[PDB]
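For reference, the structure is listed below as structure tokens.
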Amino acid sequence: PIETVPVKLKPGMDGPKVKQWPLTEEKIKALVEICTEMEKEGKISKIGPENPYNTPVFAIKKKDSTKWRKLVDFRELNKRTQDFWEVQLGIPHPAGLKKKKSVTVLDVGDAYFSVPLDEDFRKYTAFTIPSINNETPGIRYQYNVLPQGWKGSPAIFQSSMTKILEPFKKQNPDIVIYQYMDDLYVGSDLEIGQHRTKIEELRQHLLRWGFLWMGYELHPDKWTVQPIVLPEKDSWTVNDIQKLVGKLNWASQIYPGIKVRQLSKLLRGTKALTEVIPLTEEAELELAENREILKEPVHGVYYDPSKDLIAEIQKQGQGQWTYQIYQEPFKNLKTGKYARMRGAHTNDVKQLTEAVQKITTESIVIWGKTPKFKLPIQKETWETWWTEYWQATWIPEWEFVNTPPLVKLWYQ
Amino acid sequence: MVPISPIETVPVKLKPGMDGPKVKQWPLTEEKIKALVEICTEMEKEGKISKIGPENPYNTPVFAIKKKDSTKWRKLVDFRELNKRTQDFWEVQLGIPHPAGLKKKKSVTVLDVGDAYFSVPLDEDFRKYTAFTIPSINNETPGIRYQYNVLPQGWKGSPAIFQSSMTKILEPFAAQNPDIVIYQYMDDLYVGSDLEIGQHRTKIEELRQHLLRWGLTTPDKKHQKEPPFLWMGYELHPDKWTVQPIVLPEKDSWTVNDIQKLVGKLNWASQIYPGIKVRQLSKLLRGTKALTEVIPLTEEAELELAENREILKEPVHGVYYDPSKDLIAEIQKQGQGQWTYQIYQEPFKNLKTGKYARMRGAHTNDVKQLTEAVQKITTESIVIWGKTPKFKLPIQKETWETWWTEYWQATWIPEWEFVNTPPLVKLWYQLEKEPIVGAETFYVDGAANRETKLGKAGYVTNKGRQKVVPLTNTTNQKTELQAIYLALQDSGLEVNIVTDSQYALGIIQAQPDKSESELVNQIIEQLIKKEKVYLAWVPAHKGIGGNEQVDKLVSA
Ligand SMILES: Cc1cc(/C=C/C#N)cc(C)c1Oc1ccnc(Nc2ccc(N3CCN(S(C)(=O)=O)CC3)c(C#N)c2)n1
Numbered sequence: 001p002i003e004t005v006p007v008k009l010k011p012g013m014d015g016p017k018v019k020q021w022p023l024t025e026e027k028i029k030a031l032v033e034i035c036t037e038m039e040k041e042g043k044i045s046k047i048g049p050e051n052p053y054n055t056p057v058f059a060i061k062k063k064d065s066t067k068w069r070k071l072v073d074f075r076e077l078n079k080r081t082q083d084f085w086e087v088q089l090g091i092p093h094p095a096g097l098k099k100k101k102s103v104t105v106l107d108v109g110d111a112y113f114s115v116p117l118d119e120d121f122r123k124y125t126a127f128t129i130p131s132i133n134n135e136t137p138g139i140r141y142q143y144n145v146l147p148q149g150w151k152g153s154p155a156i157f158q159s160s161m162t163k164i165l166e167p168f169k170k171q172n173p174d175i176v177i178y179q180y181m182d183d184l185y186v187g188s189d190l191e192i193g194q195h196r197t198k199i200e201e202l203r204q205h206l207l208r209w210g211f212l213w214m215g216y217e218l219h220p221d222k223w224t225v226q227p228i229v230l231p232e233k234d235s236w237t238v239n240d241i242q243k244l245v246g247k248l249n250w251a252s253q254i255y256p257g258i259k260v261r262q263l264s265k266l267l268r269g270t271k272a273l274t275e276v277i278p279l280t281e282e283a284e285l286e287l288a289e290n291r292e293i294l295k296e297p298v299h300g301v302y303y304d305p306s307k308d309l310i311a312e313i314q315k316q317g318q319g320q321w322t323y324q325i326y327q328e329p330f331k332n333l334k335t336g337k338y339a340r341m342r343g344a345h346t347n348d349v350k351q352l353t354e355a356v357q358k359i360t361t362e363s364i365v366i367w368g369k370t371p372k373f374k375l376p377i378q379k380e381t382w383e384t385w386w387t388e389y390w391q392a393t394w395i396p397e398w399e400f401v402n403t404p405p406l407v408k409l410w411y412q
Numbered sequence: 413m414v415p416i417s418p419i420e421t422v423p424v425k426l427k428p429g430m431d432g433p434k435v436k437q438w439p440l441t442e443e444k445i446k447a448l449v450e451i452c453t454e455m456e457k458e459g460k461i462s463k464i465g466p467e468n469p470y471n472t473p474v475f476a477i478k479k480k481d482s483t484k485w486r487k488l489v490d491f492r493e494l495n496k497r498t499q500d501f502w503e504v505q506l507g508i509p510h511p512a513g514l515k516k517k518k519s520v521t522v523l524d525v526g527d528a529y530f531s532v533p534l535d536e537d538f539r540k541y542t543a544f545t546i547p548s549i550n551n552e553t554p555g556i557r558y559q560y561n562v563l564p565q566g567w568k569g570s571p572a573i574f575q576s577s578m579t580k581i582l583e584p585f586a587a588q589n590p591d592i593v594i595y596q597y598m599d600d601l602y603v604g605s606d607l608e609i610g611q612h613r614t615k616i617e618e619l620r621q622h623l624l625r626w627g628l629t630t631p632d633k634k635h636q637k638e639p640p641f642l643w644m645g646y647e648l649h650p651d652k653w654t655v656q657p658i659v660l661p662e663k664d665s666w667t668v669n670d671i672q673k674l675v676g677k678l679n680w681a682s683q684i685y686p687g688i689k690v691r692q693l694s695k696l697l698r699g700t701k702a703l704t705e706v707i708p709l710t711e712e713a714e715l716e717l718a719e720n721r722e723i724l725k726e727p728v729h730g731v732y733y734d735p736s737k738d739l740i741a742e743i744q745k746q747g748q749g750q751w752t753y754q755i756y757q758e759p760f761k762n763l764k765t766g767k768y769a770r771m772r773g774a775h776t777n778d779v780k781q782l783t784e785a786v787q788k789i790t791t792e793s794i795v796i797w798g799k800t801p802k803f804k805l806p807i808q809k810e811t812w813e814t815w816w817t818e819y820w821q822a823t824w825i826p827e828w829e830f831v832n833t834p835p836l837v838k839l840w841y842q843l844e845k846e847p848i849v850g851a852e853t854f855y856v857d858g859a860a861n862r863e864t865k866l867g868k869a870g871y872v873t874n875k876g877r878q879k880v881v882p883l884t885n886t887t888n889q890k891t892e893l894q895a896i897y898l899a900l901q902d903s904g905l906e907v908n909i910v911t912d913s914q915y916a917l918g919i920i921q922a923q924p925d926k927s928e929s930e931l932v933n934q935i936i937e938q939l940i941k942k943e944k945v946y947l948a949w950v951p952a953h954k955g956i957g958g959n960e961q962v963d964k965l966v967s968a
């Protein structure tokens with residue numbers, strides 16, 4: 001692939017100029033080793049002071065792997081890189097990928113390192129290996145091939161990727177294959193025994209066309225909008241009915257015909273919070289009609305590919321986390337819950353970091369893009385620790401919630 | 413003659429769309445022209461500059477100044493205009509090391525590389541933008557036109573290209589000599605090692621050998637400075653380090669400029685002098701931009717200043733970094749949102765100290781402030797030493813566990829152990845998770861009139877207890893807090909409180925122990941006195957009894 005694809009920023013935008021955040025010694029040393037070999041293979045080259053651009057870099061360890069991996073936070077360059085229609089007016093996201101029983105995620109980012117980058121564009125991929133205590137000038141590099149995590153890497157490589165997959169797709173027309181950045185999402189509708197064989201048969205086929213040997217198994221069978229559930233009790237206290245009316249009042253924003261008049265009629269008076277109130281006939285009926293309403297999906301929900309996906313997360317305690325994906329408030333396109341985050345029963349940030357990765361993976365499978373997160377964490381805490389538990393080659397966007405939402409109780 | 417390697421040229425361009433500078437040359441006195449021509453003729457003999465013809469359409473003004481005892485004129489080229497038009501560079505000298513992150517070096521040499529700076533050539537396609545004109549005597553001949561061939565002093569790209577060119581030259585020497593360290597600062601070069609006085613001198617000669625390969629003569633710095641190195645506001649000693657002398661001035665009339673220069677000294681001194689406080693002195697500068705306004709010191713600002721003179725009475729020093737020893741950081745609460753910390757490896761031998769101030773906000777608590785300080789120390793330590801220190805914090809392990817497990821946000825502090833240094837950070841109250849059996853249930857509500865600012869706050873309870881209080885100069889949100897305060901005031905040690913105020917719940921669920929709102933502070937003082945407080949929320953105007961009865965009582 002001698003010919004480089006002409007890449008340009010968007011009009012009136014300079015290249016990225018993002019500060020490199022501090023790195024630990026072990027991550028600096030790791031990055032030095034990785035970049036020393038990469039420079040020997042011609043993938044990157046030293047640069048001088050006439051390059052003012054910078055993109056942050058750090059080191060992770062992929063899911064259950066002891067080898068250090070280099071990750072480049074290409075988020076700013078991706079927004080400044082022009083909106084890509086490399087081969088056609090756009091790729092139609094496969095709506096059938098979210099309907100398969102099993103989906104395997106392959107990291108095919110090493111195939112990008114075989115096609116060179118536009119010479120005029122390499123200066124925008126500049127990054128700095130920082131030094132401890134600024135005791136030496138930072139090691140400055142720029143990329144010579146397509147870098148992992150860049151928006152243009154799958155776009156420029158799409159013409160070359162579709163030809164590698166054409167004979168495997170020709171023999172398996174029921175297997176869906178989707179690509180997002182450095183990842184290949186390969187799903188089927190069959191028993192895992194033949195699935196790992198197909199997956200192993202896909203990576204060997206990729207190996208003959210020029211890998212990593214790691215996979216990530218998913219099951220989008222159980223991905224929907226989790227229903228609003230009201231309690232079933234035989235004796236209701238005043239406090240129970242108050243939370244019930246409060247939950248129903250909240251659901252009334254989403255659902256029509258939600259009534260609370262007969263349930264509020266139970267609280268006629270100034271009673272103790274622990275006093276048991278018997279349900280009247282008109283109250284159990286109103287509660288019953290509300291159960292029927294909440295059984296049905298939300299009216300007028302639709303995904304708009306022009307708007308942003310918003311992902312909110314609530315900390316529920318005991319390693320449990322709830323979340324909702326939407327574009328308009330009260331029009332949830334997906335809700336869910338997580339429990340017992342692997343290897344973090346004593347670390348809130350590690351659990352939240354793993355939750356963000358899971359929700360992002362689910363959003364990629366369903367809509368083909370990552371959502372913007374509203375994180376229940378202070379900026380300085382998340383900012384300091386999230387890279388220590390990050391294991392995905394992509395990085396989404398996030399903002400910070402500093403006021404406790406009252407709706408945490410309603411997703412409990 | 414011995415061949416020398418050419419210093420690789422850095423390609424430089426102007427900002428996109430812009431041309432070169434075309435600034436007119438000022439008229440100069442005859443005695444000034446004679447001094448420039450002499451200087452530039454010498455510079456032309458050294459290859460620094462070169463004569464050019466009139467086809468070059470660019471120009472940068474040149475000026476002649478002198479020193480009072482130095483019996484010579486000096487040559488100044490005002491590159492302010494060319495700098496505005498020159499591209500941006502990777503400014504690699506913005507951050508300096510911190511002395512607490514350095515390793516003790518037995519021997520350290522200083523090499524002058526001032527004559528080395530001129531060996532760095534300038535991009536040939538960029539030299540035409542550095543043209544300048546010496547006016548002729550009486551303006552009767554064409555002015556002498558020159559252009560630079562090397563990095564000009566005062567140009568935008570000179571420091572970055574010089575530092576980068578010297579870094580590239582030293583990279584083979586440093587990478588293959590791992591028992592030494594090299595650092596560049598201005599026209600000086602500092603090489604340190606733990607070798608013997610003999611092997612150290614050899615490496616300096618080996619390094620002088622290596623610089624001759626590109627033809628760089630480097631003698632020792634004129635007047636070899638004895639300990640300590642006065643560098644970037646520090647005192648670098650063979651085994652210790654500290655800041656340059658912090659002397660606080662005595663005065664009976666303090667302007668806001670005096671308080672500004674003050675705080676700068678305490679802030680700079682707070683990195684080695686433990687316990688420095690700067691808030692009560694910073695509160696006297698909340699909002700002002702004129703610098704003579706004599707602001708009288710409060711009794712708290714004097715007490716804070718006098719506490720600083722006591723800390724600054726004797727010089728303290730920081731030790732250098734021993735990577736073989738653990739890194740420990742200890743924090744102390746100091747009051748009014750101030751925190752101090754010490755970072756060390758051996759007890760009482762601090763590497764550095766520092767302070768953290770509470771963020772600006774309406775409500776806060778000690779645990780949040782302690783958490784923020786920990787993150788700042790974490791980030792600072794990773795910058796200086798590349799690792800997170802072990803923390804010793806004044807908070808019980810049981811307190812922190814109860815906090816983060818019940819906190820609505822995700823929070824985390826790295827490895828830490830409790831140190832029994834009062835005042836200890838504690839939780840001042842904890843709301844119940846379920847309603848309390850046998851405890852009186854207080855249904856509260858408030859309401860105000862937007863126009864006249866009149867309002868009412870009160871409650872009704874399950875035992876028939878009632879109260880409604882009229883209020884003046886109040887709002888809806890204020891009467892909602894007042895109603896909760898009345899229920900806390902008038903209830904026993906255990907109480908259930910029912911409110912419809914999403915505003916009040918948002919404040920209390922944030923668990924503050926101190927507030928800028930005097931009314932919130934009063935509510936906090938009431939929660940501390942209680943035993944069990946269960947705060948329940950209901951939506952308003954939905955017919956919830958108790959809530960309905962007291963909503964009508966307070967709404968006119
Ligand atoms: C070598 C060096 C020089 C500089 C110079 C700046 C200036 N003016 C800066 C850096 C970052 C520097 O680099 C590093 C890197 C790691 N570790 C250290 N450690 C260290 C240990 C001891 C030192 N000396 C203290 C003062 N002298 S003396 C004759 O008594 O004044 C005794 C020895 C010095 C110095 N110098 C430095 N330096």
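As you go down the protein sequences, you meet chains A and B in turn. Residues in the first sequence are numbered consecutively from 1, following our numbering. Residues in the second sequence are numbered consecutively from 413, following our numbering. C-beta atoms are modelled at their ideal positions from N, C-alpha and C, and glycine is treated no differently.
Would you report the Cα separation of residue i and residue j, rounded to the nearest angstrom?
i, j, result
"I177 (chain A)", "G96 (chain A)", "10 Å"
"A713 (chain B)", "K374 (chain A)", "41 Å"
"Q505 (chain B)", "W680 (chain B)", "20 Å"
"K615 (chain B)", "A528 (chain B)", "19 Å"
"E608 (chain B)", "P418 (chain B)", "34 Å"
"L582 (chain B)", "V525 (chain B)", "13 Å"
"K879 (chain B)", "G870 (chain B)", "5 Å"
"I164 (chain A)", "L184 (chain A)", "13 Å"
"residue 364 (chain B)", "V593 (chain B)", "Here chain B covers residues 413 to 968 and nothing more, so residue 364 (chain B) does not appear."
"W394 (chain A)", "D73 (chain A)", "8 Å"
Would you mind telling me which residues of chain A sit closer than 7 Å to residue i, beta carbon to beta carbon, in chain order?
i, result
"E784 (chain B)", "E380"
"residue 969 (chain B)", "The shown model of chain B, from 413 to 968, leaves out residue 969 (chain B), and the question about it has no answer."
"residue 971 (chain B)", "With chain B covering 413 to 968 only, the question about residue 971 (chain B) has no answer from this structure."
For residue i, go through chain B and note every residue whose CB falls closer than 7 Å to its CB, in chain order.
i, result
"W385 (chain A)", "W824"
"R140 (chain A)", "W502"
"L230 (chain A)", "Simply none; closest approach about 16 Å."
"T24 (chain A)", "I794, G798, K799"
Nearest by alpha-carbon distance to residue i: which of the options is it?
i, options, result
"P94 (chain A)", "A:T136, A:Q226, A:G317, A:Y180", "A:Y180"
"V675 (chain B)", "B:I658, B:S665, B:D664", "B:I658"
Give me the chain A residues within the contact set of residue i, using Cβ-Cβ distance strictly less than 8 Å, ordered along the chain.
i, result
"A922 (chain B)", "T403, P404"
For residue i, return the contacting residues in chain B, with the cut-off set at a CB-CB distance below 8 Å.
i, result
"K265 (chain A)", "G955"
"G246 (chain A)", "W949, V950, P951"
"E135 (chain A)", "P509, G513, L514, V593, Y595"
Residue i versus chain B: which residues are under 9 Å apart at the beta carbon?
i, result
"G12 (chain A)", "Within 9 Å Cβ-Cβ: nothing; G12 (chain A) doesn't reach chain B, min ~11 Å."
Return the chain-ordered ranges of every beta strand (DSSP E) run that is complete within the segment 626-711 of chain B and spans a minimum of 3 residues.
Secondary structure within the segment 626-711 of chain B: the beta strand (DSSP E) runs of 3 or more consecutive residues, fully enclosed, are 641-643, 646-648, 652-655 (chain order).
Which ranges does the alpha helix (DSSP H) cover as unbroken runs of at least 4 residues, wholly within the segment 887-913 of chain B, from first to last along the chain?
The segment 887-913 of chain B contains, as complete alpha helix (DSSP H) runs of 4+ residues, the segments 888-902 (chain order).
At which residue ranges does the segment 253-280 of chain A contain complete alpha helix (DSSP H) runs of 4 or more residues, listed in the order of the chain?
Taking 4 residues as the minimum length, the alpha helix (DSSP H) runs contained wholly in the segment 253-280 of chain A are 261-264, in order along the chain.
Fully enclosed by the segment 169-245 of chain A, which beta strand (DSSP E) runs are 3 residues long or longer?
You should have 176-180, 183-188.
Run through the segment 520-554 of chain B for me and flag every whole alpha helix (DSSP H) of 4 or more residues, listed as ranges in chain order.
As far as the segment 520-554 of chain B is concerned, its whole alpha helix (DSSP H) runs of at least 4 residues are 526-529.
For a minimum of 3 consecutive residues, which ranges assigned as the beta strand (DSSP E) are wholly contained in the segment 767-809 of chain B?
802-805, all fully within the segment 767-809 of chain B.
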